[PDB]
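Read the single chain below, which is given as structure tokens and is the form deposited in one PDB entry.
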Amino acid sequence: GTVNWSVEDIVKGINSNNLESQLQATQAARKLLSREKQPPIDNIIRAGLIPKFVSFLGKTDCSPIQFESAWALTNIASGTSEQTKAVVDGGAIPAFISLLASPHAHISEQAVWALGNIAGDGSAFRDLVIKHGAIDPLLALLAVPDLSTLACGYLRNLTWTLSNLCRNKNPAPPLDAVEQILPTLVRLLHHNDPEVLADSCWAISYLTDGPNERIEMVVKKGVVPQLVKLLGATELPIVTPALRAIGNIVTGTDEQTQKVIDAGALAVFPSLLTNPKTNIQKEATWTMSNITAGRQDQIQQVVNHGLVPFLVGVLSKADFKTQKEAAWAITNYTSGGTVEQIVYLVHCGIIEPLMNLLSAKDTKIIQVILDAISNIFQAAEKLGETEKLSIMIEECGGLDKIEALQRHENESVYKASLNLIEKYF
């Protein structure tokens, strides 16, 4: 059998001068690396086997040893950066790229997978895979009229590897590589498999995680309507990256934000802002905070969609990280909104939940809240109602909390605290 070989025995077989002995030893190594918990990756490396495996990738006449060596190297490359580096250092990148053209789909798929692990190490190996020319043969595998004719597992591995070529920053992937990949990504983003959709969304989320020029090349491809549809998916693994991507996009320009609104995104946020998963709530409120930082007509669309009561709700009760994003959403709203928009905020009940959060042991939320209160008072001044507002704040325990903050270890806290207490109380 080929089960439970020692490393010593694998070495003896791979050093034989017999391709069939080498194949059996490579299989035994594959099974150590794939069938164990705590696979002995470092022992295999220390035995000097990586260069042998890499040379087996080139044995066109023995497709089984190509497959077994590709799988062994895939799992070595799945480990630590040092283990991935040993695979790269053995010459594996160009050997795997040559295997993308194999007429055996299971071998081409294993090469796709291995290159995804290498690229997933970080930006340097990602860019090194790209420089060895991986993108053209990868995209050629998806150049079919209908994706549904490809094996499902095959398409999932291809999508996953492409997403790693879009992943990581410092630096971001080369502009030319993004432009080359995007048309295929947009196609995968319309495919009816949940895992392909999830990894496609992740890739778009990476590509929109950057400056406005990066966001623009994604938005120009027309993907926002489809992101908004996927935002409505029942599968959490799809909603999570779709929401990340939409959230990134609205950190762009007000015109980029407006594409999200025009596509109907705000209609999904009653559900997102009440979502049972804490992380969805948090990222939805973060997204709202970058919408209320826009233009007054964009704030107005937040109002029209009925979302201000949902922000009051999360400020009133949510995980604290979400409550902090909600505080930011409120300060941005009050900094950019009209007087009538700010009045509406107060009629929805913002004051009390805002005051109760001044009990937080977190310095930054305090400043954010105090700045919003200031902005709300400035709106009342324009109306001559600073008094009714002072009462509201006192009536709910607000003045007491603002007073306590005059004795706060932070500079800008007790200065802004004092200024309100004197100018209005």
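Quick note: we count residues from 1 along the sequence shown, nothing fancier.
There is also a form deposited with a small molecule bound; it is not shown, and the following applies to it.
Just one of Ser289, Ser102, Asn275, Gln341 comes within 4.5 Å of the small molecule in the bound PDB entry, counting any heavy atom, and that one is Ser289. When the small molecule is considered in the bound PDB entry, only one residue from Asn332, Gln323, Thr184, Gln226 comes within 4.5 Å through any heavy atom, namely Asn332. Residues placing heavy atoms within 4.5 Å of the small molecule in the bound PDB entry fall in a single listed stretch, namely 290-298, out of 128-136, 87-95, 217-225, 290-298. For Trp202, no non-hydrogen atom is located within 4.5 Å of the small molecule in the bound PDB entry, even though that partner is not displayed. When contacts are judged by a 4.5 Å heavy atom cut-off, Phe269 does not count as touching the small molecule in the bound PDB entry. In the bound PDB entry, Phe310 stays away from the small molecule, with no heavy atom inside 4.5 Å.
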